[PDB]
Amino acid sequence: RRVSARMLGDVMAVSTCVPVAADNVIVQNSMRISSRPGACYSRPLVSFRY
Amino acid sequence: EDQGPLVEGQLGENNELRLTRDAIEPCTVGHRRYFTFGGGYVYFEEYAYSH
């Protein structure tokens with residue numbers, strides 16, 4: 001099942017993720033960081049509701 | 001050997017014994033890590049051995 005993990009050394013931990021419908025998610029028209037010129041996010045931003 | 005002197009080292013992966021201690025990282029709050037040791041594991045919390 002879809003889960004998130006992080007190395008706990010030689011073993012891994014796991015947490016169950018909650019699903020979200022597609023209609024409850026939207027991508028912004030731009031990524032631009034007006035507060036810091038020269039810095040750009042590597043992935044697009046999003047806004048959603050559970 | 002059974003009668004040999006004690007050597008300084010650090011544990012590694014898959015029960016590997018490293019002779020150099022250089023895997024230093026900044027201390028993080030709420031530390032927690034299992035590490036393979038022999039046939040089982042060794043539990044650590046806040047960078048302190050547990051059991």
# chains A, B, ... in the order shown; residues from 1 in each chain; ligands from 1
>>> interface_residues(of="chain B", to="chain A", cutoff="6 Å", atoms="only C-alpha atoms", output="list in words")
residues 33, 34 and 35 of chain B
>>> write_last_selection(atoms="N, CA, C and O atoms", output="PDB file, in the first residue's frame")
ATOM      1  N   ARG B  33      17.414   4.823  15.880  1.00  0.00           N
ATOM      2  CA  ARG B  33      18.040   4.038  14.792  1.00  0.00           C
ATOM      3  C   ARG B  33      18.261   2.577  15.193  1.00  0.00           C
ATOM      4  O   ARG B  33      18.853   2.359  16.270  1.00  0.00           O
ATOM      5  N   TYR B  34      17.825   1.619  14.370  1.00  0.00           N
ATOM      6  CA  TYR B  34      18.140   0.189  14.607  1.00  0.00           C
ATOM      7  C   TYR B  34      19.416  -0.061  13.818  1.00  0.00           C
ATOM      8  O   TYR B  34      19.604   0.641  12.813  1.00  0.00           O
ATOM      9  N   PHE B  35      20.290  -0.952  14.281  1.00  0.00           N
ATOM     10  CA  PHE B  35      21.545  -1.289  13.556  1.00  0.00           C
ATOM     11  C   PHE B  35      21.759  -2.787  13.647  1.00  0.00           C
ATOM     12  O   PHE B  35      21.665  -3.345  14.729  1.00  0.00           O
TER      13      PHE B  35
END
>>> residues_around(residues="residue A:26", least_positions_apart="5", cutoff="7 Å", atoms="only C-alpha atoms", output="VMD selection string")
chain A and resid 46 to 48
>>> select_by_dssp(residues="chain B", states="strand (DSSP E or B)", output="list in words")
residues 10, 11, 17, 18, 32, 33, 34, 35, 36, 37, 40, 41, 42, 43, 44, 45, 48 and 49 of chain B
>>> write_last_selection(atoms="C-alpha atoms", output="CSV table (one decimal), in the first residue's frame")
chain,number,residue,atom,x,y,z
B,10,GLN,CA,32.9,1.5,14.5
B,11,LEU,CA,30.0,-0.8,13.4
B,17,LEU,CA,33.4,-3.7,11.4
B,18,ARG,CA,35.1,-0.4,10.3
B,32,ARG,CA,16.2,6.8,16.8
B,33,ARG,CA,18.0,4.0,14.8
B,34,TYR,CA,18.1,0.2,14.6
B,35,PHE,CA,21.5,-1.3,13.6
B,36,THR,CA,22.3,-4.9,12.5
B,37,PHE,CA,24.4,-6.7,15.1
B,40,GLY,CA,19.7,-9.6,15.8
B,41,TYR,CA,19.6,-5.8,16.1
B,42,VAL,CA,20.7,-3.1,18.5
B,43,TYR,CA,18.2,-0.3,19.4
B,44,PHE,CA,19.3,3.3,20.1
B,45,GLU,CA,17.4,6.3,21.2
B,48,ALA,CA,22.0,6.2,23.5
B,49,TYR,CA,22.1,2.4,23.6
>>> atom_distance(atom1="atom CA of residue A:15", atom2="atom CA of residue A:3")
5.5 Å
>>> atom_distance(atom1="atom CA of residue A:45", atom2="atom CA of residue A:30")
8.3 Å
>>> closest_residue(among="B:38, B:46, B:29, B:51", to="residue B:15", atoms="only C-alpha atoms")
B:38
>>> atom_distance(atom1="atom CA of residue B:24", atom2="atom CA of residue B:39")
25.9 Å
>>> decode(residues="stretch 14-39 of chain B", atoms="N, CA, C and O atoms", output="JSON list (two decimals), in the first residue's frame")
[["chain", "number", "residue", "atom", "x", "y", "z"],
["B", 14, "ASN", "N", 25.71, -4.79, 7.50],
["B", 14, "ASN", "CA", 25.81, -6.24, 7.35],
["B", 14, "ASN", "C", 26.88, -6.81, 8.28],
["B", 14, "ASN", "O", 27.71, -7.64, 7.88],
["B", 15, "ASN", "N", 26.87, -6.36, 9.53],
["B", 15, "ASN", "CA", 27.82, -6.80, 10.55],
["B", 15, "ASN", "C", 29.26, -6.48, 10.17],
["B", 15, "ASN", "O", 30.19, -7.20, 10.56],
["B", 16, "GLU", "N", 29.46, -5.41, 9.42],
["B", 16, "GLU", "CA", 30.81, -5.02, 9.01],
["B", 16, "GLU", "C", 31.44, -4.14, 10.09],
["B", 16, "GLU", "O", 30.80, -3.22, 10.61],
["B", 17, "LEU", "N", 32.70, -4.43, 10.42],
["B", 17, "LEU", "CA", 33.44, -3.69, 11.42],
["B", 17, "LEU", "C", 34.42, -2.75, 10.72],
["B", 17, "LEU", "O", 35.31, -3.20, 10.00],
["B", 18, "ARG", "N", 34.24, -1.45, 10.94],
["B", 18, "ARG", "CA", 35.08, -0.42, 10.35],
["B", 18, "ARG", "C", 36.11, 0.03, 11.37],
["B", 18, "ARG", "O", 35.78, 0.24, 12.54],
["B", 19, "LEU", "N", 37.36, 0.17, 10.93],
["B", 19, "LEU", "CA", 38.45, 0.58, 11.81],
["B", 19, "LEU", "C", 38.60, 2.09, 11.94],
["B", 19, "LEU", "O", 39.36, 2.54, 12.80],
["B", 20, "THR", "N", 37.91, 2.87, 11.11],
["B", 20, "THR", "CA", 38.00, 4.33, 11.14],
["B", 20, "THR", "C", 36.65, 4.93, 11.52],
["B", 20, "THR", "O", 35.61, 4.53, 10.98],
["B", 21, "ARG", "N", 36.68, 5.89, 12.44],
["B", 21, "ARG", "CA", 35.47, 6.58, 12.91],
["B", 21, "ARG", "C", 35.43, 7.94, 12.21],
["B", 21, "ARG", "O", 36.10, 8.89, 12.62],
["B", 22, "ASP", "N", 34.64, 8.02, 11.14],
["B", 22, "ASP", "CA", 34.51, 9.25, 10.37],
["B", 22, "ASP", "C", 33.08, 9.55, 9.93],
["B", 22, "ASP", "O", 32.86, 10.55, 9.23],
["B", 23, "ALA", "N", 32.10, 8.73, 10.32],
["B", 23, "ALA", "CA", 30.71, 8.95, 9.94],
["B", 23, "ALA", "C", 30.02, 9.84, 10.98],
["B", 23, "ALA", "O", 29.16, 9.42, 11.75],
["B", 24, "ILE", "N", 30.42, 11.12, 10.97],
["B", 24, "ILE", "CA", 29.89, 12.12, 11.88],
["B", 24, "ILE", "C", 28.81, 12.93, 11.18],
["B", 24, "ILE", "O", 28.94, 13.30, 10.01],
["B", 25, "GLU", "N", 27.73, 13.20, 11.90],
["B", 25, "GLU", "CA", 26.60, 13.97, 11.41],
["B", 25, "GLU", "C", 26.10, 14.87, 12.53],
["B", 25, "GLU", "O", 26.31, 14.57, 13.71],
["B", 26, "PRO", "N", 25.44, 15.98, 12.20],
["B", 26, "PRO", "CA", 24.94, 16.86, 13.26],
["B", 26, "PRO", "C", 23.90, 16.13, 14.11],
["B", 26, "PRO", "O", 23.08, 15.37, 13.59],
["B", 27, "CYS", "N", 23.94, 16.38, 15.42],
["B", 27, "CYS", "CA", 22.99, 15.74, 16.31],
["B", 27, "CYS", "C", 21.59, 16.27, 16.03],
["B", 27, "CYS", "O", 21.37, 17.48, 15.96],
["B", 28, "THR", "N", 20.64, 15.35, 15.88],
["B", 28, "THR", "CA", 19.25, 15.68, 15.59],
["B", 28, "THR", "C", 18.37, 15.27, 16.76],
["B", 28, "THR", "O", 18.61, 14.23, 17.39],
["B", 29, "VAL", "N", 17.36, 16.09, 17.05],
["B", 29, "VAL", "CA", 16.45, 15.81, 18.15],
["B", 29, "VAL", "C", 15.60, 14.59, 17.81],
["B", 29, "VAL", "O", 15.26, 14.35, 16.64],
["B", 30, "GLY", "N", 15.18, 13.84, 18.84],
["B", 30, "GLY", "CA", 14.31, 12.68, 18.64],
["B", 30, "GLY", "C", 15.02, 11.62, 17.83],
["B", 30, "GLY", "O", 14.34, 10.92, 17.04],
["B", 31, "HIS", "N", 16.33, 11.49, 18.01],
["B", 31, "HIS", "CA", 17.13, 10.47, 17.28],
["B", 31, "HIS", "C", 16.56, 9.09, 17.57],
["B", 31, "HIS", "O", 15.97, 8.89, 18.65],
["B", 32, "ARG", "N", 16.71, 8.16, 16.63],
["B", 32, "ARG", "CA", 16.24, 6.77, 16.80],
["B", 32, "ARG", "C", 16.80, 5.98, 15.62],
["B", 32, "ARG", "O", 16.69, 6.49, 14.49],
["B", 33, "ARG", "N", 17.41, 4.82, 15.88],
["B", 33, "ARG", "CA", 18.04, 4.04, 14.79],
["B", 33, "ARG", "C", 18.26, 2.58, 15.19],
["B", 33, "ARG", "O", 18.85, 2.36, 16.27],
["B", 34, "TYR", "N", 17.83, 1.62, 14.37],
["B", 34, "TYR", "CA", 18.14, 0.19, 14.61],
["B", 34, "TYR", "C", 19.42, -0.06, 13.82],
["B", 34, "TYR", "O", 19.60, 0.64, 12.81],
["B", 35, "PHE", "N", 20.29, -0.95, 14.28],
["B", 35, "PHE", "CA", 21.55, -1.29, 13.56],
["B", 35, "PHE", "C", 21.76, -2.79, 13.65],
["B", 35, "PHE", "O", 21.67, -3.34, 14.73],
["B", 36, "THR", "N", 22.07, -3.45, 12.54],
["B", 36, "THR", "CA", 22.26, -4.89, 12.54],
["B", 36, "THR", "C", 23.48, -5.25, 13.37],
["B", 36, "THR", "O", 24.54, -4.64, 13.24],
["B", 37, "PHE", "N", 23.32, -6.25, 14.24],
["B", 37, "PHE", "CA", 24.40, -6.70, 15.11],
["B", 37, "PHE", "C", 24.25, -8.20, 15.31],
["B", 37, "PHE", "O", 23.30, -8.64, 15.95],
["B", 38, "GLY", "N", 25.19, -8.96, 14.76],
["B", 38, "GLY", "CA", 25.12, -10.41, 14.89],
["B", 38, "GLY", "C", 23.85, -10.94, 14.26],
["B", 38, "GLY", "O", 23.51, -10.60, 13.12],
["B", 39, "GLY", "N", 23.14, -11.80, 15.00],
["B", 39, "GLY", "CA", 21.91, -12.37, 14.50],
["B", 39, "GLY", "C", 20.67, -11.55, 14.77],
["B", 39, "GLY", "O", 19.58, -11.93, 14.33]]
